[PDB]
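Everything below concerns the one structure shown next.
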Amino acid sequence: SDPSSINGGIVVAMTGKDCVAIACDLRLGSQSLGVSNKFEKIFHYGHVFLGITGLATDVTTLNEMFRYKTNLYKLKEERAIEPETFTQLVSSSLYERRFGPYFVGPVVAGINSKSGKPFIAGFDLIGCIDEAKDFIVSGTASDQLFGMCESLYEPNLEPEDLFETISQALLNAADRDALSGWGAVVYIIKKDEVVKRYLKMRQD
Amino acid sequence: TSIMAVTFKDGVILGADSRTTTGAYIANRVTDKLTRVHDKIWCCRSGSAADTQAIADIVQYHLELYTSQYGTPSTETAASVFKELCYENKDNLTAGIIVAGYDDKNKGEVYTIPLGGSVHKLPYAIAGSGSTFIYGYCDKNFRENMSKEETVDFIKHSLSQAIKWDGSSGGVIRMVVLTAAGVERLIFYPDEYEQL
Amino acid sequence: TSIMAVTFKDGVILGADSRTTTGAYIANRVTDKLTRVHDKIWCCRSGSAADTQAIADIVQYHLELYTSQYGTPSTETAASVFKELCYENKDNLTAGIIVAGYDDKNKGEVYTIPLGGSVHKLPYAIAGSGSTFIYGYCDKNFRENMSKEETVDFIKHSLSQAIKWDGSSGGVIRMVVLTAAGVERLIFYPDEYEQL
Amino acid sequence: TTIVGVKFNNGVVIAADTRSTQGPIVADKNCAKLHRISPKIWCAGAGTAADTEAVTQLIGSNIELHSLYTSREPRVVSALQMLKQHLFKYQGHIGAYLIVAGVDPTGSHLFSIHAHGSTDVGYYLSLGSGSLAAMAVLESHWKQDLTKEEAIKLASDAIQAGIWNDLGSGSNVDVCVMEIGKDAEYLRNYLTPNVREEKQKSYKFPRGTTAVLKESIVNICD
Amino acid sequence: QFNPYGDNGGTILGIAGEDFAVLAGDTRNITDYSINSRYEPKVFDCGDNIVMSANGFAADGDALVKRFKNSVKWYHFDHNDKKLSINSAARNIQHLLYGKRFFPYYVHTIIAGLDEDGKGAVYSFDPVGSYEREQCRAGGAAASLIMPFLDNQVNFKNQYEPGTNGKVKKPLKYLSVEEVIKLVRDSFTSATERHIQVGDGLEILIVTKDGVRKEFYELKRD
Amino acid sequence: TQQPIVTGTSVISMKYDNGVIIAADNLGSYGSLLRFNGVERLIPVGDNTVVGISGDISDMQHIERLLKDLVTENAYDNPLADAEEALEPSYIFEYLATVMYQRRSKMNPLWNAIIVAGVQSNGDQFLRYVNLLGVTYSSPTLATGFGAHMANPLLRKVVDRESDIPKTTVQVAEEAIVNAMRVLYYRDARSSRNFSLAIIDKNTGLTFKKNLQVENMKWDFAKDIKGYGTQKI
Amino acid sequence: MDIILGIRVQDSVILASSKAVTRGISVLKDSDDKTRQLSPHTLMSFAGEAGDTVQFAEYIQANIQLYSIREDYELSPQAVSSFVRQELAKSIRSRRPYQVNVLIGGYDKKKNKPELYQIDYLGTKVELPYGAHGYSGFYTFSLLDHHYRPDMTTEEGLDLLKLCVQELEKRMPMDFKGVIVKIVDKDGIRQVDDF
Amino acid sequence: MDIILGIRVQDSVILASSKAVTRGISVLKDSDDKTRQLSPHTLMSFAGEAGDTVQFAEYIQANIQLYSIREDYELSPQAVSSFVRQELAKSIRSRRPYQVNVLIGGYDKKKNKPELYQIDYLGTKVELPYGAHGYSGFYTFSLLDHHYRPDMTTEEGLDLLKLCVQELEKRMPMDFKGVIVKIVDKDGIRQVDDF
Amino acid sequence: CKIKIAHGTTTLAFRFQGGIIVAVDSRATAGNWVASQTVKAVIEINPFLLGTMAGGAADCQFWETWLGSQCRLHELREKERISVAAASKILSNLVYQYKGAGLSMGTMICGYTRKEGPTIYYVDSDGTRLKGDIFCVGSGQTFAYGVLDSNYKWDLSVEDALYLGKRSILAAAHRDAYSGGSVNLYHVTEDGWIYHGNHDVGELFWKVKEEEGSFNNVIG
Ligand SMILES: *[C@@](C)(CO)[C@](*)(O)[C@H](CC(C)C)NC(=O)[C@H](Cc1ccccc1)NC(=O)[C@H](CC(C)C)NC(=O)[C@H](CCc1ccccc1)NC(=O)CN1CCOCC1
Ligand SMILES: *[C@@](C)(CO)[C@](*)(O)[C@H](CC(C)C)NC(=O)[C@H](Cc1ccccc1)NC(=O)[C@H](CC(C)C)NC(=O)[C@H](CCc1ccccc1)NC(=O)CN1CCOCC1
Ligand SMILES: *[C@@](C)(CO)[C@](*)(O)[C@H](CC(C)C)NC(=O)[C@H](Cc1ccccc1)NC(=O)[C@H](CC(C)C)NC(=O)[C@H](CCc1ccccc1)NC(=O)CN1CCOCC1
Ligand SMILES: [Cl-]
Ligand SMILES: [Cl-]
Ligand SMILES: [Mg+2]
Ligand SMILES: [Mg+2]
Ligand SMILES: [Mg+2]
């Protein structure tokens, strides 16, 4: 009965030279029982990408909630929301439920369309922002991801090289966690193109 | 904490140590537990630092508003406002407060307010963890209508012993003198009071 | 309980109240908490009545057997036997004992033994629930090499205050004088000590 | 966390480490614990990271509206009062432990606030897990009539004590100097004594190392 | 109520080569958020070319190593100075650990050395004695950080041959002592960055047919 | 299963170029009550070792008796009891470390934290810690209780690593220890002003200093502190 | 309430739901239909806490039927499932949550595709080729992993379903008194009377 | 372990005992014989805590077989039951008691009478015309109160027993996978293979 | 609070026309942490006897190697290989002495002798001892049962039986989070046990998916 580790899952995000990458596993389970192997945890609103780990009902709810809010934002602002601004929106919304929180570990990733700067950020369940130059990790294999990223990561990686690094970080971390894995997805994000790759990984 | 207030010939004197603790760690060694709720109505704070401050802030507000409408409040009135807060919120408060004030009619008065929120008007009052160690001493040594210098010595010797035996009390001995003359702050350092 | 033992010029004096309680009921108002473990080695008992009696009975037995083989035991020896029992059975005992005795070589000696079973040799010692209220008083008023009459007054005034403030202490003030002259029992009734 | 505050001649300085933890795991190696309430009132925060940020922003927001309403520069005691009453109302559940400092028309000020709403006044203060390591340094080296450069040195040394000796604190030292009559200078990463050494090996993978099942272009445009 | 266990933190790492084996471990010893020692070795030469470490609760770790060292001594007395093989040592340790099955040694034990064919060997144990020979094992507080990195770099897990459509795996090969130490040093610098209980210093014990060599490296002290 | 009754607070210590220093205040606390003031918590064993003990005093007095008995036992049938076969710090420590761990293993611990400071026969400095759990460790500076949190940071500014030991004199080392004791008096609620200090040097031997006091304290700034926020008077 | 299964095949969705209702040491009923028709081409089976199950199912049924009348239009299985999920997602943070797990089997007439949604009491929705709630899944999932193919017929799906029930009847501790099987396709909802 | 029944008729004792062995959510076995032959004309069925049941049954079996060899004589069902009761009566105040309930069905050759003893894990012995342990009794006792007669034959007893099993299969929550039935009479012990 | 010790492995063994198949996975877990993927959950007691391990790793590893010593002592004393019944009962009587102490074991003693023929005995830590044709034990036992039971016949060939055992573990390895790593196969005949290799799930899953056309739930 620990909400953050019932369903399982992981998300990781990295920066590179004029690019960002965000990746997640596909598992959704009920404790030991693996239920779904198609449960994607990365969503996007315009050019801003959001990954969410934790309790699956809240992952779904928050996606729907941020789609709701970014749609109204765009109608009133007459422009797409930027990663820096969206990060603040996520933080506001999570802290609004301070004493009855969504049991989640969200991760923002994207490139600011005006400045062109790569941007990533992470949060705890009550909305504390964790900004980073290098990488953000989240989920039931966060310890594993921290260890992989801290050793494998180097700055200013090209999109093609960055893909290999983030993928290897996710895969090997997932393989040491029982509640993570069952497939994986990686988003490579350049200024005006986004490539989505499904990884081949062990299915146990 | 170790705190006390003592009435005497010319008025009343409040006394306190300066120790604030978190478990066995001293979070503040120079605390000021003697606080003003009105010109010549002060209080000694013991118990929760947060609770006693919140209470003292509210009382100051009430007495400031009282003064704007009805002029200077009595020391009894101040004690009643403290009581009302302590009694009605007894379930959520840890505050042992001594109220002390100087009227011109009533001279020096001391009201003590323990955990329950009861009010007790006394010639002198002691409170706080370290007061337990000086009930015997204070009862034997207190006299009514003492002089200023005698009362200062009585408070200094008493709190010196309270500090000596109570680990939850220490630092400097702060005192506040309330008379017709005005308000006087006194401080006494370890090098003096320890070797009494 | 309120108990104390005080060394002085001619030897040592033990002092105690006479109250035994079950919760708030006074099971015995004329208890004798000063007990003989040897001719001129006595103890003050505080804590569990059953434990302290059982302990004192065993110590008396040990010292009687010691005397048959090796002659009169020292006050230190008596304290060590008390310690050995209190320390080794610390988990099952509630006993705060003060050991006091008169040697001709060592004169008056006082050893206090708190709950843990540690030994502390002191000029004077206080213990029991009511001792908390007289740490301040006793520290300020104790002097070494007092006379018999001064020590009796010091104990009487101290236990009077302990009794006054502690609900768990009361009744008569028993005392036992240990000197070269011999053993003298003293008693003091409420009508005398209350109005000190 | 380790956070400190030190008063000096013509103002006040506060400092903080930059470690953020999640259990035994270092989540952020360079987080900002120094918060701007108003231009010349700054706040060092320890405890629940979301709470310190949220409570500082809320009071900072209300302080700005109050400053505009009264046509006056905000005072530290206003921020102090608003913070403590907010925290007290929540009976400690908002786990924010703050060192509030700044300059205003009244002068220079230094306070601390605890989660339950109790405030303390002082010339030198320290809060957080490494407050004992810091306070040890402050108690050993603090004196009356410190200069600007001496107070910065003392403050950063108190943070360093936390960085090295407390496992809860680490990485860098942030400083903010608030002098009277001058603009407050926020010195982000004032010291960086924990630089990561060169790695022994590059872990750049040969391209094609990772096995892929599918590729697809994602549509971000309308 | 009295709690007989404690957590002294730290982390250990064992890698096996073709004709050698390394057993590394940081030198930091902690309790709660305090550092007890910056240099307290927990990787020990036990004789017969066997190095051992029992990470977790140090009192239990020391007791175990002490008992095994003593087991080696009596093995010589009772069996005509016969060399205790690494496989025999492992089985003996299982019985030491399981002997306290119902009041366990709170430790993750790793031993390293050479097998009877002269090839590198690493064995790892759980707290109650279940053991297994492996090429690779991390243990302790930062095991969860280091281990997946070792799967990737030592056993080439999830790495395929470029251009082979993820069909041909990267071939397994033994690593040189130089390449292994590079991985150890990087594993510990990474673990030091992200785990608060890991740091101060790194001590590696290398085991070849010639004997037991030592190497020491500084780690971040925050 | 125990609960400590009469307790002793911090014991602090450090190494210097020729030997080791150790210190501990003279207080026997009974909870919040500062009950006993004449308690010696540094116990010398021979002329080359000092054992500093914190925690339960009844258990401390038991450990005293064990060490006292150890000296007696070592002298038996030992012509070189005051020479080559005298008790070393390492011997005394290992014995205690054995006892402490055996007692915790029987779920009946000696509720103490112990620091054995001394100088070996070959001149080497010895300083090692052991506690109720049987946990042992060594470091250029060692401290128990609040000392661990407040003293160690200050002492590590003097001797941060091994290479700083030859560079640290006995004057500099003692100054840091005495300073640390002052800081503990400021900030530890179960500490006293009166303390004992011991120096074990390889040249000058054992110097035991009793009845020391914390002095040169800063309290003057307290007078300027008024209220808890707004209050001006 | 215990066993509810679901299998999506080429052209239909098949739901199987146990018939037993047990309270204490007594099987009170052995012919219970643990499902409600939400709309002509959408069926919802349910299992969980006593009372909550039927109360929740009928509440959803009333809402979907209200929508159908108002718009003179049938909601898509995807739309119904999202509505149901949101109701459970609200529920879980209520004073007393609905402890109900559901399967929603429907046929989308616009896409001409069968759809099976599995939603737990927390509001955790997943579209699946085959689904189950409770302990049933611990046997049926691995069985279907092996025997299921995406292009199967309704008749092949029923044989695949018989294989699940047999396995459950063999290895489950409790007697669940067989199952009521219902099929959802382009022609609506119908019950298999002989199973 | 769950269902054990016993019916004493005119000339025999009939014991019925469930075949299922269940651990967690898995029926590990469906052909388990929950009985041991203590002597040629004495049979004991058992049910209770896992492990304890078989360990206790075999321990008793060993003791009775030891007695038979020593004296070259068969103990009476009354004597065996008293021995068993005393062992359980000792057990209940031990450090770890046997949590086992037994039925002892035997034919006394000296009296030429069948005898059925019901003994619980506390050592509570009663001679009965019909007996049961666990939740079984809550159905079977009232059923037998109605249908049982003292002068019934073995064949009538088996039909009476079939009536009990049917009722249990209808109203019991758990699948106990049928029963193994054994008859004890003047000719010894034999198993009914088709039930 | 309490320490996490290695637990696991999913094991099965079924009797059939051509002897006994025994299949197990190789994963050990400490909570959600995957501790090992290379655990030997089959003990080779002797050329005719096997023992499967599930539950506490140490408990199983320690007591089954101990069991092997007791079986060796039997054949030294009695000049004859121990029966599967006797071997299993030594283990079951041992754990019964530790009943309540907290041992966690789910084992299966598989082997062949002349008097018994192929025999499988389930033995667990709460004292249960059962002879039987089919058993699945471990956290992923139900997943293995689902595939095994639905495809089991007595008249399976050695080739088909070996595969069904392998496929059943794979099924559990896939669905059960606490099962995986690799499959270890064994075939027990009248001549003794025969090892049929270590099969990594990493390659085996995709090989089985492609060739068999199963696992359509997974993104191909
Ligand atoms: C003497 C010391 C005893 O009566 C005095 O009365 C002084 C009075 C002055 C300071 C006004 N009392 C205190 O110093 C007071 C003692 C105390 C402690 C706990 C409850 C009531 C009274 N100290 C405090 O209030 C400190 C002040 C902070 C450290 C600046 N606060 C705490 O200890 C907080 C308060 C929690 C609380 C409990 C119940 C009612 C209100 C508030 N406690 C903690 O932070 C707990 N801490 C967590 C980490 O582990 C150690 C304990
Ligand atoms: C003062 C009073 C306290 O410091 C003195 O120390 C004296 C010592 C004298 C008598 C030598 N102490 C007592 O009078 C002592 C108080 C006490 C109570 C419990 C534990 C420790 C100390 N009183 C007693 O020992 C009485 C004496 C009887 C009435 C003759 N005994 C009890 O109160 C017993 C004690 C049982 C016990 C508990 C823990 C350790 C040892 C013994 N308690 C009861 O009878 C409980 N009682 C049942 C009726 O409902 C009210 C509670
Ligand atoms: C020193 C470093 C330690 O005290 C400083 O005090 C810093 C303060 C800086 C960061 C402002 N303190 C922390 O970093 C603080 C320590 C802490 C942790 C938990 C409770 C209280 C204090 N760390 C945090 O607040 C982290 C911030 C992360 C890095 C973004 N937050 C968490 O660890 C959250 C705690 C959430 C929380 C909920 C309810 C009450 C209090 C806090 N914890 C998690 O996210 C863990 N968990 C993982 C799975 O998802 C669900 C939650
Ligand atoms: Cl205060
Ligand atoms: Cl008495
Ligand atoms: Mg009285
Ligand atoms: Mg640090
Ligand atoms: Mg799996």
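Lettering and numbering for the structure tokens are positional, with chains as A, B, ... in the shown order, residues counted from 1 in each chain, and ligands counted from 1 in the shown order.
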
**Item:** Contacts of ligand 8, 6 Å or closer, only C-alpha atoms and all ligand atoms, given as a list in words
**Value:**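 So the residues close to ligand 8 are residues 204 of chain A; 173, 174, 175, 176, 177, 178, 179 and 180 of chain I.
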
Selection file, N, CA, C and O atoms, as a compact mmCIF listing (two decimals), in the first residue's frame:
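Final output, selection07.txt:
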```txt
# COMPACT_ATOMS: atom_id res chain seq x y z
N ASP A 204 11.03 -9.23 -19.21
CA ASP A 204 10.80 -9.87 -17.92
C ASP A 204 10.92 -8.85 -16.79
O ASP A 204 10.77 -9.18 -15.61
N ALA I 173 7.92 -15.72 -16.21
CA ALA I 173 9.00 -14.74 -16.30
C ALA I 173 8.50 -13.43 -16.90
O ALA I 173 8.91 -12.35 -16.48
N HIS I 174 7.61 -13.53 -17.88
CA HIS I 174 7.05 -12.37 -18.56
C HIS I 174 6.10 -11.59 -17.65
O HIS I 174 6.28 -10.38 -17.44
N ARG I 175 5.10 -12.27 -17.10
CA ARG I 175 4.03 -11.61 -16.33
C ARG I 175 4.43 -11.28 -14.90
O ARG I 175 4.20 -10.16 -14.44
N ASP I 176 5.00 -12.25 -14.19
CA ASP I 176 5.45 -12.03 -12.81
C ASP I 176 6.67 -11.12 -12.81
O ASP I 176 7.67 -11.41 -13.46
N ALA I 177 6.56 -10.00 -12.09
CA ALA I 177 7.66 -9.04 -11.98
C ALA I 177 8.87 -9.62 -11.26
O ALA I 177 10.01 -9.27 -11.57
N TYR I 178 8.62 -10.53 -10.31
CA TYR I 178 9.67 -11.11 -9.48
C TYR I 178 10.25 -12.42 -10.05
O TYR I 178 10.98 -13.12 -9.37
N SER I 179 9.91 -12.72 -11.31
CA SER I 179 10.48 -13.85 -12.03
C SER I 179 11.15 -13.36 -13.31
O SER I 179 10.74 -12.35 -13.88
N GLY I 180 12.18 -14.08 -13.75
CA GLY I 180 12.88 -13.74 -14.98
C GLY I 180 14.32 -14.21 -15.01
O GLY I 180 14.69 -15.18 -14.35
```

**Request:** Could you give me the residues within range 7-179 of chain C that DSSP places in strand (DSSP E), as a ChimeraX atom specification?
**Result:** /C:7,11-16,20-22,25-28,34-38,41-47,95-102,108-113,120-122,124-127,173-179

Write out, as an mmCIF file, in the first residue's frame, the residues just selected, with C-alpha atoms.
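So selection08.cif came out as:
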```cif
data_model
loop_
_atom_site.group_PDB
_atom_site.id
_atom_site.type_symbol
_atom_site.label_atom_id
_atom_site.label_comp_id
_atom_site.auth_asym_id
_atom_site.auth_seq_id
_atom_site.Cartn_x
_atom_site.Cartn_y
_atom_site.Cartn_z
ATOM 1 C CA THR C 7 27.561 14.657 56.940
ATOM 2 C CA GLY C 11 29.361 12.351 61.977
ATOM 3 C CA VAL C 12 26.268 12.021 59.780
ATOM 4 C CA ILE C 13 22.492 12.465 60.086
ATOM 5 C CA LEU C 14 19.842 10.666 58.035
ATOM 6 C CA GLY C 15 16.434 12.260 57.451
ATOM 7 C CA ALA C 16 13.118 11.179 55.953
ATOM 8 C CA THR C 20 3.760 5.717 51.825
ATOM 9 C CA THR C 21 1.341 6.050 48.901
ATOM 10 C CA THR C 22 -0.770 3.908 46.583
ATOM 11 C CA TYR C 25 -4.074 7.198 48.859
ATOM 12 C CA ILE C 26 -1.668 7.307 51.800
ATOM 13 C CA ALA C 27 -1.247 3.627 52.719
ATOM 14 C CA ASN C 28 0.919 4.522 55.724
ATOM 15 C CA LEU C 34 15.368 5.087 57.842
ATOM 16 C CA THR C 35 16.590 1.515 58.300
ATOM 17 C CA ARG C 36 19.533 -0.213 59.938
ATOM 18 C CA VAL C 37 21.816 -2.440 57.869
ATOM 19 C CA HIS C 38 24.504 -2.312 60.584
ATOM 20 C CA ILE C 41 25.484 2.051 58.907
ATOM 21 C CA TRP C 42 21.932 3.047 57.994
ATOM 22 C CA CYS C 43 20.092 3.828 54.765
ATOM 23 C CA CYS C 44 17.260 6.038 53.522
ATOM 24 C CA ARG C 45 14.776 4.197 51.305
ATOM 25 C CA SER C 46 12.970 5.730 48.321
ATOM 26 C CA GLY C 47 11.142 4.143 45.373
ATOM 27 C CA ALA C 95 15.041 1.736 44.402
ATOM 28 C CA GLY C 96 16.672 5.087 45.146
ATOM 29 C CA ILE C 97 18.789 4.475 48.235
ATOM 30 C CA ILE C 98 21.052 6.764 50.266
ATOM 31 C CA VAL C 99 23.667 4.915 52.346
ATOM 32 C CA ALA C 100 25.027 6.735 55.416
ATOM 33 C CA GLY C 101 27.423 5.457 58.082
ATOM 34 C CA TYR C 102 29.881 6.441 60.801
ATOM 35 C CA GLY C 108 30.619 10.562 58.591
ATOM 36 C CA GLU C 109 30.207 9.346 55.003
ATOM 37 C CA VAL C 110 27.259 9.520 52.580
ATOM 38 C CA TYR C 111 26.853 7.475 49.388
ATOM 39 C CA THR C 112 23.804 7.946 47.142
ATOM 40 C CA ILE C 113 22.588 5.224 44.774
ATOM 41 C CA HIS C 120 28.151 8.692 44.258
ATOM 42 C CA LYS C 121 30.041 9.681 47.411
ATOM 43 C CA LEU C 122 28.907 13.143 48.543
ATOM 44 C CA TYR C 124 25.282 15.458 51.643
ATOM 45 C CA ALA C 125 22.654 13.762 49.469
ATOM 46 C CA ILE C 126 18.966 14.260 48.697
ATOM 47 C CA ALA C 127 16.567 11.855 46.981
ATOM 48 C CA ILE C 173 9.956 13.928 59.883
ATOM 49 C CA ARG C 174 12.082 11.063 61.186
ATOM 50 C CA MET C 175 15.816 11.501 61.684
ATOM 51 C CA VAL C 176 18.682 9.260 62.794
ATOM 52 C CA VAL C 177 21.936 10.665 64.209
ATOM 53 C CA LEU C 178 25.130 8.630 63.662
ATOM 54 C CA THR C 179 28.136 9.698 65.763
#
```

Contacts from chain G to chain H, 6 Å maximum, only C-alpha atoms: show me the residue list as a CSV table (one decimal) with N, CA and C atoms, in the first residue's frame.
```csv
chain,number,residue,atom,x,y,z
G,26,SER,N,-21.5,-19.1,3.3
G,26,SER,CA,-22.7,-19.4,2.5
G,26,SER,C,-22.7,-18.8,1.2
G,27,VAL,N,-22.9,-19.6,0.1
G,27,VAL,CA,-23.1,-19.1,-1.2
G,27,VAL,C,-24.6,-18.8,-1.3
G,171,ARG,N,-7.6,-24.6,-10.4
G,171,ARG,CA,-6.6,-24.1,-9.5
G,171,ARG,C,-7.1,-23.0,-8.6
G,172,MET,N,-8.3,-22.4,-8.7
G,172,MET,CA,-8.8,-21.4,-7.8
G,172,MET,C,-9.3,-22.1,-6.5
G,173,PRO,N,-9.1,-21.5,-5.4
G,173,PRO,CA,-9.6,-22.1,-4.1
G,173,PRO,C,-11.1,-22.1,-4.0
G,174,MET,N,-11.7,-21.0,-4.4
G,174,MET,CA,-13.2,-20.8,-4.2
G,174,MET,C,-14.0,-21.4,-5.4
G,175,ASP,N,-15.2,-21.9,-5.0
G,175,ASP,CA,-16.2,-22.3,-6.0
G,175,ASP,C,-16.9,-21.0,-6.5
```

**Request:** Could you give me, as a ChimeraX atom specification, the residues within 9 Å of residue 54 in chain H, counting only C-alpha atoms and dropping anything in the same chain fewer than 5 positions from it?
**Result:** /H:34-36,46-47,59 /I:127-129

Return as a tab-separated table (two decimals) with N, CA, C and O atoms, in the first residue's frame the residues belonging to chain F that are within 8 Å of chain E, counting only C-alpha atoms.
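Generated file (iface29.tsv):
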```
chain	number	residue	atom	x	y	z
F	1	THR	N	17.81	-5.50	27.47
F	1	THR	CA	17.12	-4.21	27.18
F	1	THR	C	17.29	-3.25	28.36
F	1	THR	O	16.91	-3.56	29.48
F	2	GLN	N	17.86	-2.08	28.07
F	2	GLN	CA	18.13	-1.07	29.09
F	2	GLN	C	17.53	0.27	28.69
F	2	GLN	O	17.18	0.49	27.53
F	3	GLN	N	17.41	1.15	29.68
F	3	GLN	CA	17.29	2.58	29.43
F	3	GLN	C	18.30	3.28	30.34
F	3	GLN	O	18.38	2.96	31.53
F	101	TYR	N	30.52	-5.48	22.18
F	101	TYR	CA	29.84	-6.26	21.14
F	101	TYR	C	29.19	-7.53	21.68
F	101	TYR	O	28.11	-7.91	21.23
F	104	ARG	N	25.98	-6.37	23.44
F	104	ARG	CA	24.92	-6.00	22.49
F	104	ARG	C	24.34	-7.25	21.84
F	104	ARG	O	23.15	-7.29	21.52
F	105	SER	N	25.18	-8.27	21.67
F	105	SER	CA	24.75	-9.54	21.08
F	105	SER	C	23.85	-10.33	22.03
F	105	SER	O	23.04	-11.13	21.58
F	107	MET	N	21.72	-8.74	23.84
F	107	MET	CA	20.61	-7.80	23.99
F	107	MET	C	20.58	-7.11	25.35
F	107	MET	O	19.51	-6.71	25.84
F	133	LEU	N	26.72	-0.51	20.57
F	133	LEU	CA	26.47	-1.45	19.48
F	133	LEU	C	27.70	-2.28	19.10
F	133	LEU	O	27.61	-3.18	18.27
F	134	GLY	N	28.84	-1.97	19.70
F	134	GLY	CA	30.10	-2.64	19.36
F	134	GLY	C	30.74	-2.07	18.10
F	134	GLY	O	31.72	-2.63	17.60
F	135	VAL	N	30.18	-0.97	17.59
F	135	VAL	CA	30.70	-0.31	16.40
F	135	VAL	C	32.02	0.38	16.73
F	135	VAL	O	32.10	1.12	17.71
F	136	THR	N	33.03	0.14	15.91
F	136	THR	CA	34.34	0.73	16.12
F	136	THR	C	34.79	1.53	14.91
F	136	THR	O	34.46	1.19	13.78
F	137	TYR	N	35.52	2.61	15.17
F	137	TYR	CA	36.18	3.37	14.11
F	137	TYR	C	37.26	4.28	14.67
F	137	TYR	O	37.24	4.64	15.85
F	138	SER	N	38.21	4.64	13.80
F	138	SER	CA	39.32	5.50	14.17
F	138	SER	C	39.39	6.69	13.20
F	138	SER	O	38.97	6.59	12.05
F	139	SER	N	39.93	7.80	13.69
F	139	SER	CA	40.03	9.03	12.92
F	139	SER	C	40.98	9.99	13.65
F	139	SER	O	41.16	9.87	14.86
F	142	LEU	N	38.06	12.35	17.10
F	142	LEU	CA	36.91	11.54	17.49
F	142	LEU	C	36.13	12.22	18.60
F	142	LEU	O	36.71	12.84	19.49
F	148	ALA	N	30.29	14.95	18.45
F	148	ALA	CA	30.36	14.49	17.07
F	148	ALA	C	29.85	15.54	16.08
F	148	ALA	O	30.41	15.71	15.00
F	149	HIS	N	28.79	16.24	16.48
F	149	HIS	CA	28.15	17.23	15.62
F	149	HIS	C	28.84	18.60	15.62
F	149	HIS	O	28.89	19.27	14.59
```

**Asked** Taking only C-alpha atoms and all ligand atoms into account, which residues are within 8 Å of ligand 3, as a ChimeraX atom specification?
**Response** /A:3-5,54,98-99,103-105,122-130,139-140 /D:1-2,17-23,26-28,31-33,45-53,93-95,128-130,168-170

**Request:** Set the cut-off to 8 Å, count only C-alpha atoms and all ligand atoms, and list whatever residues fall near ligand 5 as an MDAnalysis selection string.
**Result:** chainID C and resid 20 31:33 45 49:50 52:53

**Contacts of residue 139 in chain B within 10 Å, only C-alpha atoms, excl. fewer than 6 positions in-chain, as a PyMOL selection string** = (chain B and resi 124) or (chain C and resi 137+161+164-165)

**Request:** Write out as a PyMOL selection string each polymer residue (protein, DNA or RNA) that has an atom no more than 6 Å from ligand 7, with only C-alpha atoms and all ligand atoms counted.
**Result:** (chain D and resi 163-167+169-170) or (chain E and resi 222)

**Request:** Between D:25, D:121, D:137, D:110, single out the one closest to ligand 4, counting only C-alpha atoms and all ligand atoms.
**Result:**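 When distances to ligand 4 are compared using only C-alpha atoms and all ligand atoms, the smallest one comes from D:121.
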